[PDB]
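Here's a solo chain for you in structure tokens, the form deposited in one PDB entry.
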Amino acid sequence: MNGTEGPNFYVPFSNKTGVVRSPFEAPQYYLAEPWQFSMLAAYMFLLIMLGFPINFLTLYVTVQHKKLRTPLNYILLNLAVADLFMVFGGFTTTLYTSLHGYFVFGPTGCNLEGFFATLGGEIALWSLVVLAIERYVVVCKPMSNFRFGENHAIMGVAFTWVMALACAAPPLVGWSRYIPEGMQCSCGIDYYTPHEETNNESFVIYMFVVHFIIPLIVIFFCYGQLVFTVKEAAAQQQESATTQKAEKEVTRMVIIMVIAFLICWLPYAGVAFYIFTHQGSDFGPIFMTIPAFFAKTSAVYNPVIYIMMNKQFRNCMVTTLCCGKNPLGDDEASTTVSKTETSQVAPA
């Protein structure tokens, strides 16, 4: 056999030399050099050091500035929360696991590791479909007098958690399951064994269709809409109104956010589909370690894109960080927001 299937795992390594050992019971240094696990460990460490501050700061700024209440300000607050669950929820176990070369906490640690990374990536995916819509509704504007209230935003946000849970929670209760991958320091869905006892093959198709192919289609199609309408070609103050102008900006970002997602998840999803379609073949531990661990940057790139592509949020952050105010920068030239400063309501 090309690998070592276990009742709970599947090491992508032969046991012809009987050197293979349950990744819930002993180090896996026979799969790779010990320094490489240190790499994973060092890496998970730096990611937690970046992901915590960046996501918490994002979260703190959004709340403190009483005017940051657009559908986008919501979706990104949602993402910051989901990213903090990633950091504390599973990254703590993946660093702990990398440090020992195996899942000392056994399947429980594997479930934390798998669930939160899944929950996180899937909340991002669904939050992108919501943006695609909102994006659409504003650009190609379907109604002749409609506007997303905060309620809607909270709707979309609530929706992303139902959809993400629909995919991440099943494996914790008998449908498919989380199992260690690559150097066995991370945990994902089961694409390795057909384990009928927990109905793995069906869940995998359920996830690639309901939680992937489909949301992608929506998002892409929706784009093919904001193709003839709002385009990447973004000019200066007023595009037909400085209003319309700054509309082109949010869309440019929602589009970058999509590219960042694919870069981050296509390789993983790709290796994952392969394995599913080539169960038992001869792949090694590094095969999935690389995209699996690279995809964990998904807990941080969202806020970066946001702060770099949103003059208003960046300013509210500089305003916040600069303890007092003095949003130096160039401000937003347009609206601003905060708590006691110029968070002065100014609609109509």
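Heads up: residue numbers just count along the shown sequence, starting at 1. So that the term is clear: the rigid core is the largest set of C-alpha atoms that superpose within 1.5 Å between two forms.
Judged by mean Cα B factor in the deposited record, 214-222 ranks above the other of 214-222 and 91-99. For the segment pair 145-153 and 255-263, the entry gives 145-153 the higher mean B-factor, averaged over Cα atoms.
Across the options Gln279, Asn302, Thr297, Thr319, the residue with the most elevated CA B-factor in the record is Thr319. Between the residues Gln184, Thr229, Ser176, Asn111, the entry's highest C-alpha temperature factor is the one at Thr229. When the modelled residues of the chain are ordered by C-alpha B-factor, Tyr136 sits in the highest third. Looking at the C-alpha B-factors along this chain, the one for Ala26 belongs to the middle third. Among all modelled residues in its chain, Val337 ranks in the highest third by Cα B-factor. When the modelled residues of the chain are ordered by their C-alpha B factor, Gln64 lands in the highest third.
Among all modelled residues in its chain, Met39 ranks in the middle third by Cα B-factor.
Another form exists, deposited in another entry; not displayed. Remarks below refer to it.
With the core fitted between the shown form and the other one, just one of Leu77, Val157, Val250, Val104 shows a Cα displacement of at least 2 Å, namely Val250. If you fit the rigid core between the shown form and the other one, you'll see the Cα of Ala166 move by less than 2 angstroms. The Cα position of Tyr306 differs by 2 Å or more between the shown form and the other one after fitting on the rigid core. Comparing the forms between the shown form and the other one on their rigid core, the Cα displacement of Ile263 stays under 2 Å. In the other form, the CA atoms of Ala246 and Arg314 move apart by 3 angstroms or more relative to this form. Between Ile307 and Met163, the Cα distance is smaller in the other form than in this structure, by no less than 3 angstroms.
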